[PDB]
């Protein structure tokens, strides 16, 4: 796609700015400059650019219905691309760290960054921090004189905080809350009492939906100066809903999508994650299916994983999925219709974000 290529060309412009500044102001040597260029490419590139292109999309919609000079148009699109990369970089940050936390092997068809031989965990932790730090650097550089600066920084930060909180809910999702204590080593849950739709929903809300949908959508709004022309509560609701769905697909794919197609190797069963599979399964299983799940979940033994996977196929979960989706389709279209009242153009953009999410195969 031509538009994707234009968004990538701003990546080259950002990277070259970031690296020239390391050299001219942070006394970097060529090899450390090289390491961070490979780090940026391996961690920030190779994905779908969903979040980034979302901001471009939202901006493009408002441009098509609003009077601007040619140069202003080019500036808005360039801002949209820069904000998109802020988000793509903030995601790169969370991915680097999350891949350590989850004990993952593969990401975007390559070894997880921390698994690169010349990286290791200890460098990758700090490489992760650099990625987020790059987001603020590129913000202050690119947007210093922009009227939306304060708004964008305050939002960005809030979204970032929420992701980090969400990551905490996620990584402690297999511990009984009552047992959670920094001083005592957490034994995994035996009851699974906390594998509920309500609790699963709090996890995903925080760890996913803010950075994945809210941020890109509001960001495209800021760069167009169009945030006053929308009902913000609707934008928030639609973002959390679509974002939720996106995570359900992600959870399904962990288990049932071949790594050749996913570009990652699944670990939720092994990690004992509070995933949609586990929660939907515990929501319909009989007493003996539950007991067999309990005897096998959260263990790296390939034979126990196999048992958990066989349990999922048997429990006919893609019927629960089809209902779940049918329901999400209802509420999303409903929100889209509600969005048309103040902002038909924005509503279109949400329809396009939803079409692409709904249709994704990786």
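Residue numbers count along the first chain shown, from 1.
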| item | value |
| --- | --- |
| Mean temperature factor over C-alpha atoms, higher-scoring stretch between 174-182 and 133-141 | 174-182 |
| Between 184-192 and 97-105 (mean CA B-factor, as deposited), the higher | 184-192 |
| Selection by C-alpha B-factor (highest) of 212, 275, 261, 163 | 261 |
| Ranked C-alpha temperature factor of residue 341 among modelled chain residues, by third | highest |
| Entry-reported Cα temperature factor of residue 50, expressed as the chain third it lands in | highest |
| Ranked against its chain, the third holding the CA B-factor of residue 35 | lowest |
| Third of chain Cα B-factors occupied by residue 128 | lowest |
| Position of residue 42 among the chain's modelled residues by C-alpha B-factor, lowest, middle or highest third | lowest |
